[PDB]
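Engineer: One file is attached below, input_36.txt, containing compact mmCIF, C-alpha atoms and all ligand atoms.
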```txt
# COMPACT_ATOMS: atom_id res chain seq x y z
CA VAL A 1 4.38 15.58 -20.30
CA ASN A 2 5.70 13.22 -17.61
CA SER A 3 9.03 11.87 -16.35
CA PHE A 4 9.28 8.43 -17.98
CA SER A 5 12.42 8.28 -20.13
CA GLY A 6 13.41 5.96 -22.94
CA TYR A 7 10.15 4.13 -23.49
CA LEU A 8 9.25 2.67 -26.88
CA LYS A 9 5.80 3.69 -28.12
CA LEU A 10 3.54 0.73 -29.01
CA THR A 11 0.08 2.37 -29.25
CA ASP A 12 -1.68 5.64 -28.44
CA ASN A 13 -1.50 4.85 -24.70
CA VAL A 14 0.95 1.93 -24.19
CA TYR A 15 4.76 2.23 -23.97
CA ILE A 16 7.45 -0.36 -23.17
CA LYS A 17 11.03 -0.50 -21.83
CA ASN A 18 13.58 -3.22 -21.05
CA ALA A 19 14.09 -2.38 -17.37
CA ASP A 20 13.56 -3.57 -13.81
CA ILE A 21 10.27 -2.06 -12.62
CA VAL A 22 11.92 -1.55 -9.22
CA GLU A 23 14.69 0.60 -10.69
CA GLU A 24 12.18 2.52 -12.81
CA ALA A 25 10.14 3.18 -9.67
CA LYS A 26 13.16 4.46 -7.72
CA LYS A 27 13.94 6.90 -10.56
CA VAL A 28 10.50 8.20 -11.55
CA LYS A 29 8.54 7.92 -8.28
CA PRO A 30 5.31 7.51 -10.28
CA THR A 31 1.85 8.13 -8.91
CA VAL A 32 1.04 4.41 -9.33
CA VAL A 33 3.31 1.39 -9.56
CA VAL A 34 1.56 -1.91 -10.27
CA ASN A 35 2.56 -5.01 -8.32
CA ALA A 36 2.06 -8.47 -9.82
CA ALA A 37 0.42 -9.75 -6.65
CA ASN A 38 -1.19 -12.97 -5.46
CA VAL A 39 -4.51 -13.08 -3.58
CA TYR A 40 -2.73 -13.31 -0.20
CA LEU A 41 -0.41 -10.36 -0.90
CA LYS A 42 2.51 -12.66 -0.04
CA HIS A 43 5.37 -10.86 -1.78
CA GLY A 44 8.01 -13.57 -1.94
CA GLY A 45 9.42 -13.58 -5.46
CA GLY A 46 9.00 -12.10 -8.91
CA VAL A 47 8.01 -8.46 -9.23
CA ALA A 48 6.31 -8.64 -5.82
CA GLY A 49 9.33 -9.93 -3.94
CA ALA A 50 11.55 -7.41 -5.72
CA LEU A 51 9.29 -4.43 -4.97
CA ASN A 52 8.82 -5.56 -1.38
CA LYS A 53 12.58 -5.98 -0.89
CA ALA A 54 13.10 -2.42 -2.15
CA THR A 55 10.67 -1.19 0.55
CA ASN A 56 12.67 -2.93 3.30
CA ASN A 57 9.65 -5.27 3.86
CA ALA A 58 7.32 -2.35 4.66
CA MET A 59 5.09 -3.38 1.74
CA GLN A 60 4.68 -6.84 3.31
CA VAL A 61 3.90 -5.42 6.77
CA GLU A 62 1.21 -3.15 5.31
CA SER A 63 -0.14 -6.01 3.19
CA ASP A 64 -0.45 -8.40 6.15
CA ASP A 65 -2.54 -5.81 7.99
CA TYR A 66 -4.70 -5.36 4.87
CA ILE A 67 -5.34 -9.12 4.60
CA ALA A 68 -6.03 -9.47 8.34
CA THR A 69 -8.77 -6.86 7.98
CA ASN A 70 -10.20 -7.61 4.53
CA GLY A 71 -9.34 -11.18 3.57
CA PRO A 72 -7.79 -12.25 0.28
CA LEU A 73 -8.24 -10.55 -3.05
CA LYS A 74 -9.96 -12.19 -6.01
CA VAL A 75 -8.01 -13.47 -8.99
CA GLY A 76 -8.51 -10.63 -11.45
CA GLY A 77 -8.93 -8.13 -8.60
CA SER A 78 -6.82 -5.42 -7.02
CA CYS A 79 -6.35 -3.11 -4.09
CA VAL A 80 -4.63 0.25 -3.69
CA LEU A 81 -2.01 0.46 -0.93
CA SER A 82 0.96 2.71 -0.22
CA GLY A 83 3.79 2.96 -2.70
CA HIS A 84 6.25 3.44 0.19
CA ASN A 85 9.58 4.82 -1.08
CA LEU A 86 8.87 3.76 -4.68
CA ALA A 87 5.66 5.58 -5.71
CA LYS A 88 2.72 7.42 -4.22
CA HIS A 89 0.51 4.33 -4.48
CA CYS A 90 0.94 0.66 -5.28
CA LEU A 91 -1.89 -0.99 -7.19
CA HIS A 92 -1.66 -4.69 -6.27
CA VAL A 93 -3.21 -6.58 -9.20
CA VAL A 94 -3.78 -10.35 -9.24
CA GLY A 95 -3.40 -11.86 -12.68
CA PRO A 96 -4.11 -15.58 -13.01
CA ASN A 97 -1.13 -17.85 -12.22
CA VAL A 98 -1.24 -20.66 -14.79
CA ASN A 99 1.44 -22.56 -12.84
CA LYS A 100 -1.10 -22.69 -9.98
CA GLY A 101 -3.89 -23.83 -12.31
CA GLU A 102 -5.76 -20.51 -12.39
CA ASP A 103 -8.04 -19.45 -15.24
CA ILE A 104 -6.40 -17.58 -18.14
CA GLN A 105 -9.58 -15.70 -19.14
CA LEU A 106 -9.23 -13.61 -15.95
CA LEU A 107 -6.24 -11.73 -17.39
CA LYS A 108 -8.54 -9.21 -19.08
CA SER A 109 -10.32 -8.56 -15.78
CA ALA A 110 -6.93 -8.02 -14.12
CA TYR A 111 -5.91 -5.41 -16.70
CA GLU A 112 -9.28 -3.63 -16.33
CA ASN A 113 -8.10 -2.47 -12.89
CA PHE A 114 -5.55 -0.25 -14.67
CA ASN A 115 -8.38 1.87 -16.13
CA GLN A 116 -9.07 3.37 -12.69
CA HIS A 117 -5.73 5.25 -12.85
CA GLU A 118 -4.69 7.87 -15.40
CA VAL A 119 -0.99 6.85 -15.54
CA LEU A 120 0.74 3.68 -14.32
CA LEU A 121 4.16 2.02 -14.28
CA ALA A 122 3.42 -1.68 -14.63
CA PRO A 123 4.86 -5.15 -15.29
CA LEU A 124 3.55 -7.68 -17.81
CA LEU A 125 0.79 -9.44 -15.86
CA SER A 126 0.65 -13.24 -15.62
CA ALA A 127 3.97 -13.64 -17.50
CA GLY A 128 7.33 -14.69 -16.07
CA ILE A 129 6.93 -17.06 -13.13
CA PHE A 130 3.13 -16.68 -13.39
CA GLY A 131 3.33 -19.05 -16.36
CA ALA A 132 1.26 -17.39 -19.10
CA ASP A 133 2.28 -16.55 -22.68
CA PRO A 134 3.86 -13.07 -22.61
CA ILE A 135 2.86 -12.26 -26.20
CA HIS A 136 -0.75 -12.96 -25.20
CA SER A 137 -0.45 -10.76 -22.10
CA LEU A 138 0.88 -7.74 -24.03
CA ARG A 139 -1.99 -8.19 -26.51
CA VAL A 140 -4.57 -8.23 -23.71
CA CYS A 141 -2.94 -5.17 -22.15
CA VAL A 142 -3.10 -3.12 -25.34
CA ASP A 143 -6.66 -4.26 -26.06
CA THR A 144 -7.95 -3.60 -22.51
CA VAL A 145 -6.14 -0.66 -20.91
CA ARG A 146 -7.25 2.79 -22.07
CA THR A 147 -5.22 4.87 -19.61
CA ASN A 148 -1.50 5.60 -20.00
CA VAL A 149 0.60 2.55 -19.19
CA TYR A 150 4.41 2.39 -19.06
CA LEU A 151 5.42 -1.27 -19.16
CA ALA A 152 8.76 -2.40 -17.76
CA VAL A 153 9.95 -5.85 -18.85
CA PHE A 154 13.07 -7.00 -17.03
CA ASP A 155 14.15 -9.87 -19.29
CA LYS A 156 16.15 -8.50 -22.23
CA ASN A 157 15.55 -11.45 -24.55
CA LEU A 158 11.83 -11.32 -23.80
CA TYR A 159 11.66 -7.57 -24.41
CA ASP A 160 13.27 -8.01 -27.83
CA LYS A 161 10.86 -10.85 -28.63
CA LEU A 162 7.82 -8.82 -27.53
CA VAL A 163 8.74 -5.80 -29.64
CA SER A 164 9.68 -7.88 -32.68
CA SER A 165 6.41 -9.85 -32.61
CA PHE A 166 3.99 -7.05 -31.73
CA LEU A 167 1.12 -6.44 -34.13
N1 LIG B 201 12.05 -10.74 -10.44
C1 LIG B 201 11.18 -10.28 -11.40
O1 LIG B 201 10.39 -11.06 -11.94
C2 LIG B 201 11.24 -8.85 -11.71
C3 LIG B 201 11.88 -7.91 -10.90
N2 LIG B 201 11.74 -6.65 -11.49
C4 LIG B 201 11.00 -6.82 -12.64
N3 LIG B 201 10.66 -5.79 -13.49
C5 LIG B 201 9.95 -6.20 -14.54
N4 LIG B 201 9.56 -7.47 -14.84
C6 LIG B 201 9.93 -8.46 -13.98
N5 LIG B 201 9.52 -9.72 -14.29
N6 LIG B 201 8.69 -9.98 -15.32
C7 LIG B 201 9.15 -10.17 -16.64
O2 LIG B 201 10.32 -10.14 -16.97
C8 LIG B 201 7.95 -10.42 -17.53
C9 LIG B 201 6.80 -10.72 -16.57
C10 LIG B 201 7.19 -10.05 -15.23
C11 LIG B 201 6.62 -10.76 -14.03
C12 LIG B 201 5.41 -10.43 -13.47
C13 LIG B 201 5.08 -11.23 -12.32
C14 LIG B 201 6.05 -12.14 -12.05
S1 LIG B 201 7.34 -12.03 -13.16
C15 LIG B 201 10.68 -8.17 -12.82
```
Mind turning this structure into structure tokens?
Structural biologist:
Amino acid sequence: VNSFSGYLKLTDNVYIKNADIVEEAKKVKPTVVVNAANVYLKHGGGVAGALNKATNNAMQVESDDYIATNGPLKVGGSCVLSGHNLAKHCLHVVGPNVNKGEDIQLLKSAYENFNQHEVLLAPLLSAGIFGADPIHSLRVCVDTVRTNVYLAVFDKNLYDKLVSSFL
């Protein structure tokens, strides 16, 4: 039994809510919040910009040090950094950005990173401003992640569409 409230059960291990992941993080303080990152950990907009803003830019400062030491991530890859005031840890996961011309088949690899953590609060990878089909992303999530995932989808119309079309 955990502290997530109001989530709609989709499968054995996947749940969903119409909420801002940032506000969910401030309320639950989960062990792991997932960031929808890019390979440079440049947190300008989307989920990343919103999370980073909520940390008063501390996420970006930490991320710049990480990149200076380790270089960029891979598309489909991840790294674990601090969750700052929002969670114990932040798992920065790079889904492919179709609007940048990145390869859609890498979305499954991106979701595989979730399996290294027992419970996660997460956004819908590669959707929104990342340009991929959100129905496809939810499908890949449910078919790839085996650990317990609490998905927050900010857009109300999209949330309703995702629930109503889910198989
Ligand atoms: N400014 C924002 O994008 C958000 C701020 N809080 C959020 N909490 C949940 N989801 C959000 N965005 N996203 C969707 O609505 C579906 C896809 C997902 C995205 C993932 C990567 C880029 S956008 C946001």
Engineer: Can you pull out the residues contacting residue 26 (chain A)? Cut-off 10 Å, using all atoms listed in the file, and skip same-chain residues under 6 positions away; I want them as a PyMOL selection string.
Structural biologist: chain A and resi 54+85-87
Engineer: Enumerate as a PyMOL selection string the residues within 7 Å of ligand LIG 201 (chain B), counting all atoms listed in the file.
Structural biologist: chain A and resi 19-22+36+45-47+50+123-130+152-155
Engineer: Can those selected residues be exported to a file as a PDB file, keeping the file's coordinate frame so that it contains C-alpha atoms?
Structural biologist:
```
ATOM      1  CA  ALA A  19      14.090  -2.380 -17.370  1.00  0.00           C
ATOM      2  CA  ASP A  20      13.560  -3.570 -13.810  1.00  0.00           C
ATOM      3  CA  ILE A  21      10.270  -2.060 -12.620  1.00  0.00           C
ATOM      4  CA  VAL A  22      11.920  -1.550  -9.220  1.00  0.00           C
ATOM      5  CA  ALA A  36       2.060  -8.470  -9.820  1.00  0.00           C
ATOM      6  CA  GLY A  45       9.420 -13.580  -5.460  1.00  0.00           C
ATOM      7  CA  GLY A  46       9.000 -12.100  -8.910  1.00  0.00           C
ATOM      8  CA  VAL A  47       8.010  -8.460  -9.230  1.00  0.00           C
ATOM      9  CA  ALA A  50      11.550  -7.410  -5.720  1.00  0.00           C
ATOM     10  CA  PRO A 123       4.860  -5.150 -15.290  1.00  0.00           C
ATOM     11  CA  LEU A 124       3.550  -7.680 -17.810  1.00  0.00           C
ATOM     12  CA  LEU A 125       0.790  -9.440 -15.860  1.00  0.00           C
ATOM     13  CA  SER A 126       0.650 -13.240 -15.620  1.00  0.00           C
ATOM     14  CA  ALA A 127       3.970 -13.640 -17.500  1.00  0.00           C
ATOM     15  CA  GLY A 128       7.330 -14.690 -16.070  1.00  0.00           C
ATOM     16  CA  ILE A 129       6.930 -17.060 -13.130  1.00  0.00           C
ATOM     17  CA  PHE A 130       3.130 -16.680 -13.390  1.00  0.00           C
ATOM     18  CA  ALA A 152       8.760  -2.400 -17.760  1.00  0.00           C
ATOM     19  CA  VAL A 153       9.950  -5.850 -18.850  1.00  0.00           C
ATOM     20  CA  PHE A 154      13.070  -7.000 -17.030  1.00  0.00           C
ATOM     21  CA  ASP A 155      14.150  -9.870 -19.290  1.00  0.00           C
TER      22      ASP A 155
END
```
Engineer: Which neighbours of residue 61 (chain A) fall inside 12 Å, counting only C-alpha atoms, when residues of the same chain fewer than 6 positions from it are skipped, and could you give them as number ranges by chain?
Structural biologist: A: 41-43, 52-53, 55, 67-68, 81-82, 84
Engineer: Got a sec: who's within 10 Å of residue 119 (chain A), counting all atoms listed in the file, leaving out chain neighbours fewer than 4 positions off, as a ChimeraX atom specification?
Structural biologist: /A:2,13,30-33,114-115,146-150
Engineer: In Å, with one decimal, what is the gap from CA of residue 110 (chain A) to CA of residue 92 (chain A)?
Structural biologist: 10.0 Å
Engineer: Got a sec: who's within 10 Å of residue 103 (chain A), counting all atoms listed in the file, leaving out chain neighbours fewer than 5 positions off, as a count of residues only?
Structural biologist: 6
Engineer: For CA of residue 66 (chain A) and CA of residue 113 (chain A), quote the distance in Å rounded to one decimal.
Structural biologist: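 We find that CA of residue 66 (chain A) and CA of residue 113 (chain A) lie 18.3 Å from each other.
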Engineer: Which is closest to residue 164 (chain A) among A:104, A:135, A:140, A:79, if we use only C-alpha atoms?
Structural biologist: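 Ranked by minimum distance to residue 164 (chain A), first place goes to A:135.
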Engineer: Extract, using all atoms listed in the file, all DNA, RNA and protein residues at most 7 Å from residue 34 (chain A), discarding same-chain residues fewer than 4 positions from it, and format them as a list in words.
Structural biologist: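 So, after excluding close chain neighbours, the residues are residues 90, 91, 92, 93, 120, 121, 122 and 123 of chain A.
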Engineer: Please export region 128-163 of chain A as a short mmCIF file (atom, residue, chain, number, x, y, z; two decimals), in the first residue's frame, restricted to N, CA, C and O atoms.
Structural biologist:
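Result file selection05.cif:
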```cif
data_model
loop_
_atom_site.label_atom_id
_atom_site.label_comp_id
_atom_site.auth_asym_id
_atom_site.auth_seq_id
_atom_site.Cartn_x
_atom_site.Cartn_y
_atom_site.Cartn_z
N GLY A 128 3.17 14.34 -26.30
CA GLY A 128 3.23 15.78 -26.15
C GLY A 128 4.17 16.38 -27.17
O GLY A 128 4.17 15.99 -28.35
N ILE A 129 5.00 17.33 -26.73
CA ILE A 129 5.91 18.01 -27.64
C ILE A 129 7.01 17.10 -28.18
O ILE A 129 7.78 17.53 -29.05
N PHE A 130 7.12 15.85 -27.71
CA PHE A 130 8.06 14.92 -28.33
C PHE A 130 7.53 14.32 -29.63
O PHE A 130 8.29 13.67 -30.35
N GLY A 131 6.25 14.50 -29.95
CA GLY A 131 5.75 14.28 -31.29
C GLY A 131 5.23 12.89 -31.63
O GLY A 131 4.77 12.70 -32.76
N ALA A 132 5.29 11.93 -30.72
CA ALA A 132 4.81 10.59 -31.03
C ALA A 132 3.33 10.43 -30.69
O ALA A 132 2.73 11.23 -29.98
N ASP A 133 2.74 9.35 -31.21
CA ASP A 133 1.34 9.02 -30.98
C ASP A 133 1.15 8.59 -29.53
O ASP A 133 1.76 7.60 -29.09
N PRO A 134 0.33 9.30 -28.74
CA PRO A 134 0.20 8.94 -27.32
C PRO A 134 -0.46 7.59 -27.10
O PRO A 134 -0.13 6.91 -26.12
N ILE A 135 -1.42 7.19 -27.95
CA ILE A 135 -2.02 5.87 -27.81
C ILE A 135 -0.96 4.79 -27.96
O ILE A 135 -0.93 3.81 -27.20
N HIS A 136 -0.06 4.96 -28.93
CA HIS A 136 1.05 4.03 -29.11
C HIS A 136 1.95 4.00 -27.88
O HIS A 136 2.40 2.93 -27.46
N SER A 137 2.24 5.16 -27.29
CA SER A 137 3.15 5.18 -26.14
C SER A 137 2.56 4.44 -24.94
O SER A 137 3.26 3.66 -24.28
N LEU A 138 1.28 4.68 -24.64
CA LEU A 138 0.64 3.96 -23.54
C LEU A 138 0.68 2.45 -23.78
O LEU A 138 0.91 1.67 -22.85
N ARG A 139 0.46 2.03 -25.03
CA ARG A 139 0.52 0.62 -25.37
C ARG A 139 1.91 0.05 -25.09
O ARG A 139 2.06 -1.01 -24.48
N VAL A 140 2.95 0.75 -25.55
CA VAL A 140 4.32 0.29 -25.30
C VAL A 140 4.59 0.24 -23.80
O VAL A 140 5.22 -0.71 -23.30
N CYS A 141 4.13 1.25 -23.06
CA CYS A 141 4.34 1.24 -21.61
C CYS A 141 3.76 -0.03 -20.99
O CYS A 141 4.46 -0.76 -20.28
N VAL A 142 2.49 -0.30 -21.26
CA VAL A 142 1.82 -1.43 -20.63
C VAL A 142 2.46 -2.74 -21.04
O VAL A 142 2.49 -3.70 -20.26
N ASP A 143 2.95 -2.82 -22.27
CA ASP A 143 3.55 -4.05 -22.79
C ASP A 143 5.03 -4.19 -22.46
O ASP A 143 5.61 -5.23 -22.78
N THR A 144 5.65 -3.20 -21.83
CA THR A 144 7.08 -3.25 -21.54
C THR A 144 7.39 -3.17 -20.06
O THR A 144 8.27 -3.90 -19.58
N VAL A 145 6.72 -2.29 -19.32
CA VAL A 145 7.03 -2.09 -17.92
C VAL A 145 6.35 -3.18 -17.09
O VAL A 145 5.14 -3.43 -17.23
N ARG A 146 7.13 -3.84 -16.23
CA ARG A 146 6.61 -4.85 -15.32
C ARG A 146 6.50 -4.36 -13.88
O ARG A 146 5.76 -4.97 -13.10
N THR A 147 7.21 -3.30 -13.53
CA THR A 147 7.15 -2.74 -12.20
C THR A 147 5.94 -1.81 -12.11
O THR A 147 5.19 -1.63 -13.08
N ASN A 148 5.71 -1.23 -10.93
CA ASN A 148 4.48 -0.48 -10.67
C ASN A 148 4.65 0.96 -11.14
O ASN A 148 5.47 1.70 -10.60
N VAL A 149 3.86 1.35 -12.13
CA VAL A 149 3.98 2.67 -12.74
C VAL A 149 2.67 3.43 -12.56
O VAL A 149 1.58 2.92 -12.86
N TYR A 150 2.81 4.66 -12.05
CA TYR A 150 1.72 5.61 -11.87
C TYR A 150 1.93 6.71 -12.90
O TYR A 150 2.86 7.52 -12.77
N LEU A 151 1.10 6.71 -13.94
CA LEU A 151 1.23 7.65 -15.04
C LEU A 151 0.39 8.89 -14.79
O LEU A 151 -0.81 8.79 -14.53
N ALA A 152 1.01 10.06 -14.91
CA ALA A 152 0.31 11.34 -14.85
C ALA A 152 0.30 11.94 -16.25
O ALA A 152 1.36 12.09 -16.86
N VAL A 153 -0.90 12.27 -16.74
CA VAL A 153 -1.08 12.88 -18.04
C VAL A 153 -1.75 14.23 -17.81
O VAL A 153 -2.88 14.29 -17.32
N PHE A 154 -1.05 15.31 -18.17
CA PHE A 154 -1.55 16.63 -17.81
C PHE A 154 -2.77 17.03 -18.63
O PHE A 154 -3.71 17.63 -18.10
N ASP A 155 -2.77 16.72 -19.92
CA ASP A 155 -3.80 17.22 -20.81
C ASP A 155 -5.11 16.45 -20.58
O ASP A 155 -5.16 15.23 -20.77
N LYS A 156 -6.16 17.17 -20.19
CA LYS A 156 -7.43 16.54 -19.83
C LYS A 156 -8.04 15.82 -21.03
O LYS A 156 -8.46 14.66 -20.94
N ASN A 157 -8.12 16.51 -22.17
CA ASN A 157 -8.69 15.88 -23.36
C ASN A 157 -7.91 14.63 -23.75
O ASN A 157 -8.50 13.62 -24.13
N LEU A 158 -6.59 14.69 -23.66
CA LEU A 158 -5.80 13.51 -23.99
C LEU A 158 -6.05 12.38 -23.01
O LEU A 158 -6.21 11.22 -23.42
N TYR A 159 -6.10 12.68 -21.71
CA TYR A 159 -6.39 11.65 -20.72
C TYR A 159 -7.69 10.92 -21.05
O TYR A 159 -7.74 9.69 -21.04
N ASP A 160 -8.75 11.69 -21.32
CA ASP A 160 -10.04 11.08 -21.65
C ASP A 160 -9.92 10.20 -22.90
O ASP A 160 -10.50 9.12 -22.96
N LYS A 161 -9.18 10.67 -23.90
CA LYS A 161 -8.99 9.89 -25.12
C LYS A 161 -8.20 8.61 -24.85
O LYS A 161 -8.51 7.55 -25.41
N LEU A 162 -7.17 8.69 -24.00
CA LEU A 162 -6.35 7.52 -23.72
C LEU A 162 -7.16 6.45 -23.00
O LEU A 162 -7.06 5.26 -23.33
N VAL A 163 -7.93 6.85 -21.98
CA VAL A 163 -8.75 5.89 -21.26
C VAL A 163 -9.78 5.28 -22.20
O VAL A 163 -9.93 4.06 -22.27
#
```
